[PDB]
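Below is one structure, written out as structure tokens, with a few remarks after it.
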Amino acid sequence: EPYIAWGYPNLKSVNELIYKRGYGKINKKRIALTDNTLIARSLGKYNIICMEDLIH
Amino acid sequence: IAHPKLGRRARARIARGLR
Amino acid sequence: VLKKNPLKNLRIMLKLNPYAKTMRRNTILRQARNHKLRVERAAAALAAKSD
Amino acid sequence: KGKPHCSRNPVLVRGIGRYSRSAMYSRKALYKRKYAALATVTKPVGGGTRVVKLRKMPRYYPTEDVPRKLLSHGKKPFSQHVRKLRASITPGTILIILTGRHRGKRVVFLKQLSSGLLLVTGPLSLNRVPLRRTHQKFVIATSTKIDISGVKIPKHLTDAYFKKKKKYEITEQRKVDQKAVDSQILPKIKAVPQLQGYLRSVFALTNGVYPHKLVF
Amino acid sequence: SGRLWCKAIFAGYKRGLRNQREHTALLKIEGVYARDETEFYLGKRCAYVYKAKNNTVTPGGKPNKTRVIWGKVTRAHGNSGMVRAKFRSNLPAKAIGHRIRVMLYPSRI
RNA sequence: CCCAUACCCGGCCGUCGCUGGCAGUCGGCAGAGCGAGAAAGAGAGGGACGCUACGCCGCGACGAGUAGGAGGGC
RNA sequence: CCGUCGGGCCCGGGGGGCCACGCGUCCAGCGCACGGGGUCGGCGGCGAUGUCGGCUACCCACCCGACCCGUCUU
RNA sequence: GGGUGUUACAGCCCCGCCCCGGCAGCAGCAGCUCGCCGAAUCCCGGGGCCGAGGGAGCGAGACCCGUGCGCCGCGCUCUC
């Protein structure tokens, strides 16, 4: 508790966050999520093939 | 429809739906 | 590639969320129609106080 | 072949049309409209006849060259940039130069040019400024208008008219145009009281005067 | 025929309490004493005019003794009309409290 | 409102990692591609630069330091 | 039995908007640009005996910072 | 000034009935009476700083040798 600052985020707040500061850990590398292929390249096996799939 | 494996036959009327 | 902000860059958003265009096409004609009847409610008051 | 119409949907916001693509289908009426599906030149020489291959191969090669640039899209030449203008400048407003050698001289705006420079002209009976180009940045747009919407701006003068071509002497073509537009504004600046006296006066700042404190 | 730049004072560099960074100057525009009225001079070009011994050229004139360093204000500073400003070179520290010129010609009105 | 070498963004340097990419410079014996969400095949019946492969190229993450240890010094 | 700007492609029946396009049987080329990191197919100047330019390396001045190194030691 | 008092030549509060008595109106340009937000949210402007990288290929396709604004991505007009 004295180290962190947590709270329940809003739908707008997560919508800001995944778009503005979305970065993915593809092959242990911080790569940018500006393409729906990369989400589908690694999360295709969980029906997560777009950014809106990741938000939902 | 968007399935590349089992939806090959599926995306057929639409190529004829454009013509 | 440079990660462009999808929130202000419009085409980056539709590159990832195509429905955002219709999400952005709507809430304009809704807003304009809302601003339309808002003027009419202001316009009908001017015919209400005089009579 | 056909009559090419304007866009069926209007630009609602920049990059957005008023009609959806499903709404554009029925608007385009495509539902009833299924559409289904060199340099070698021979030339006689008086021998036989010979065939030249044009764009002949280069005869000298520098040791190293620069490889080609990558393809960017939002970088257009200056002749195709959009030309902006402040809303405070409406044709008939009186401006004030700040950087050009007519510093603080009170000058009359007429129209926008192609390049983006402005057609701002002082009365030569008052200002000693000709038909001159001046960028909108170096301009104090005063809230004082004259109805110049009845003057006839000459069409033959354009951006190439005011180019620095190559000792400057006023050419006999130039002395025509300064007189021809003057004959309507010079009576108009005298139909307004104390206006021709305003343009002779030169803009300046005194002690205790702050531009952000005042309105002009 | 009259002065077409406003009066500005060079109070000092951007400093904390015991460190200063020369890459921005802090101007005190005469007349403004709050953040709300700093909005007008934002963006305008500012210049320091000083003179030296050796004659240096003047664009559109005889080579004069005066030299300049150009700059422009970055953003408003404090709550009392102060404003930051960055120049091409760092301002020399002999300019402390002297008069620099904030011309209007990048005006946006 | 003021600001630290901490934070965000960007340029650069080096290190580390992907035990990463490149012999395909396949050119009138030629046909120019392996970024694609998806266990597997464009299968037979006259043409810049390059590659001291101990070279070169590309992504990401990181950078304090005595005693000490190793590397590399055109 | 009431209540839900309910849920069921808001079950089915007798004015605004749609990522809506064929038949039958049976149970494709062009231009435009918030598009894989800047371009101008935009410019104005002064420049032969006194000007232009030269980060640093000479001297000088100012603002801030700044105690003298080697060593034993918490 | 004083005290008496109860609407009186001024008001304040309360209860019941008056469709919650109705009337605009609406977290109000009575821009400060107090909230929380935005799939219930989008537009427009102003200033500052940077521009790193540099052979991304298209279509005629072995019925041809050209073109280099070409990939993804949005929708423009034409074969009504």
Original post:
Among the listed pairs D:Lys163/D:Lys188; A:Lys12/C:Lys4; D:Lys84/D:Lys111; C:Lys3/E:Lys44; E:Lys53/E:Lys94; E:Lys7/E:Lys72, which are separated by more than 21 Å between their Cα atoms?
Top reply: D:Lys163/D:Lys188; C:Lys3/E:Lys44
Subject >> Of E:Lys65, E:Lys28, E:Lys86, the one that fluctuates the most in a GNM where chain E has Cα springs shorter than 10 Å >> reply: E:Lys65
**OP:** Under a 10 Å cutoff between Cα atoms, tell me which one of E:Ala95, E:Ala25, E:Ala52 has the largest fluctuation in the Gaussian network model of chain E.
**Re:** E:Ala52
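At a Förster distance of 25 Å, what's the computed FRET efficiency of C:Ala42 paired with D:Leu12, Cβ-Cβ distance as r, to 0.05?
According to the calculation, E is roughly 0.55.
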Original post:
In sequence order, what are the phi-derived ³J(HN,Hα) couplings for segment E:31-43 according to the Karplus relation 6.51 cos²θ - 1.76 cosθ + 1.60 with θ = phi - 60°, rounded to whole Hz, with x for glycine and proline?
Top reply: x, 9, 9, 7, 5, 5, 8, 6, 5, 6, 6, 5, x
**OP:** Take the alpha-carbon centre of segment D:183-211, take the same for segment E:17-44, and report the distance between them in whole Å.
**Re:** 33
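When the helices in the protein assembly as shown are scored as -39500 (n - 2.57) per DSSP H run of 4 or longer and the sum is shared across all residues, what 222 nm value do you end up with, to the nearest 500 deg cm²/dmol?
Helices in the protein assembly as shown give a 222 nm mean residue ellipticity of -6000 deg cm²/dmol.
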Subject >> ³J(HN,Hα) computed for each position of segment A:42-51 - Karplus, 6.51 cos²θ - 1.76 cosθ + 1.60, integer Hz, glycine/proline x >> reply: 10, 10, x, 7, 10, 6, 10, 10, 8, 5
Subject >> Of every Cα-Cα pair in segment D:1-108, the percent that sits beyond 23 Å >> reply: 75
Original post:
With springs only between Cα atoms under 10 Å, which of E:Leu17, E:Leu26, E:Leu91 fluctuates most in a Gaussian network model of chain E?
Top reply: E:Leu17
Subject >> Descending principal axes extents, the protein assembly as shown, alpha-carbon based, whole Å >> reply: 101, 84, 82
**OP:** In whole angstrom, note down how far apart the Cα centers of segment E:73-106 and segment D:74-131 are.
**Re:** 29
**OP:** Enumerate the amide H contacts of E:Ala11 below 5 Å, restricted to partners 5 or more residues apart or on another chain; note that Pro and chain-start residues carry no placed amide H.
**Re:** E:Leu26, E:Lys28, E:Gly97
Original post:
In peptide C:12-21, what is the residue-averaged number of other protein chain Cβ atoms found within 10 Å of each Cβ?
Top reply: 4
**OP:** Only Cα pairs under 8 Å and at least 6 apart count here; give the relative contact order of chain E as a rounded whole percent.
**Re:** 37
Subject >> Net +/- balance of residues flanking E:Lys7 in space, Cβ distance below 12 Å, scoring K and R +1, D and E -1 >> reply: +3
Subject >> J(HN,Hα) series, segment E:60-70, from Karplus relation 6.51 cos²θ - 1.76 cosθ + 1.60, nearest Hz, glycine and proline x >> reply: x, x, 4, x, 8, 8, 8, 10, 9, 10, 8
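How big is the charge dipole of the protein assembly as shown about its Cα centre, in debye rounded to the nearest 20, if each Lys and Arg gets +1 on its Cβ and each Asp and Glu gets -1 on its Cβ?
For the protein assembly as shown, the charge dipole is close to 2060 debye.
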Subject >> Selection from A:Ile31, A:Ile49, A:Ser13, by position along the positive dipole direction of chain A (Cβ) >> reply: A:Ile31
**OP:** Please work out the Cα center distance from segment A:5-55 to chain C, rounded to the nearest Å.
**Re:** 27
Original post:
In nanometres, what is the gap between the two model label sites at D:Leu186 and B:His3, each 7 Å from Cα along Cα-to-Cβ?
Top reply: 8.7
Original post:
How high is the relative contact order of chain A, in percent, counting Cα pairs under 8 Å that sit 6 or more residues apart?
Top reply: 22
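Coordinate-derived values only; no laboratory data. FYI the Cβ positions are ideal-geometry reconstructions off the backbone, even for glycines, and counts take in every protein chain you see.
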